[PDB]
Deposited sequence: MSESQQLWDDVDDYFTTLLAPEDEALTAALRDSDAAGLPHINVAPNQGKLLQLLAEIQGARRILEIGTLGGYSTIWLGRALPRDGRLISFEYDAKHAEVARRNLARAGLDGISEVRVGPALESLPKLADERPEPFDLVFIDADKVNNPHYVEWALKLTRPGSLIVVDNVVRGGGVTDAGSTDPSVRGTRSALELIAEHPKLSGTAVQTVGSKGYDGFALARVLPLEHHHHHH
């Protein structure tokens, strides 16, 4: 059946091109033990997108596993800011990012993203080169608005999980995650400062897809 084929192909790509290496396997062992609820080859796609963009500063909205792939793209004077909900989640991420050789570039902020983002914006930080959004889809548009406030021309915004199992095409959906995904894609389309696309994927995470948007 189809999921087994997708797993087999993703395992083949992962072991050849983008292996689940010792820092990444340890991160998963630590997350499991801590009671937290992957596609290394898509993680490596994210790493390569940041590297091609020439990113020095990355913001992640929505432990530490996509965060390790993003962090791996950065130079030594780089900065990666990410969010964890509470101290325990932050500790798991920080230890996993340190083990991945990223603790001098990684800063994990503690709290709900909806509280931590206005605090961060109100500090008036230097703009980010890439914002990766993989959070609650209900607030995806809001997260893209914060991304616009916190980027500069030429920055990249990446939105994960925009297919909703095919549900994203339902204009009549009541589901808050479908509505927030559709509104975020519509914001990318209509905003004069954003040019984007979205693509469907399959693999070890099942059927989904991602959106990319470049700030003009």
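Counting the deposited sequence from 1, the stretches lacking C-alpha coordinates are 1-2, 40-42, 68-69, 224-232.
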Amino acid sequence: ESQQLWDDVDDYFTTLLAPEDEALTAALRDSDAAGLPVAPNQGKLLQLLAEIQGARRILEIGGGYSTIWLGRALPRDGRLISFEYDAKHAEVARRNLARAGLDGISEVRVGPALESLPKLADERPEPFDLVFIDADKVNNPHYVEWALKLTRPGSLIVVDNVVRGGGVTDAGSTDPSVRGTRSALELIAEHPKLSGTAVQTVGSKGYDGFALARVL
From here on, numbers count along this sequence of modelled residues.
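According to the PDB record, 80-88 carries the higher mean C-alpha B-factor of the two stretches 93-101 and 80-88. Averaged over Cα atoms, the B-factor as recorded in the entry is higher for 170-178 than for the other of 170-178 and 45-53. Note on the listed residues 66, 151, 183, 161: the highest Cα temperature factor in the record is that of 66. The PDB entry gives the largest Cα B-factor of the residues 109, 137, 124, 142 to 137.
Remark: residue 211 belongs to the lowest third of its chain, ranked by C-alpha B-factor as recorded. Remark: residue 133 belongs to the lowest third of its chain, ranked by C-alpha B-factor as recorded. In the deposited entry, the Cα temperature factor of residue 202 sits in the bottom third of values across the chain's modelled residues. When all modelled residues of the chain are sorted by CA temperature factor, residue 27 is found within the middle third.
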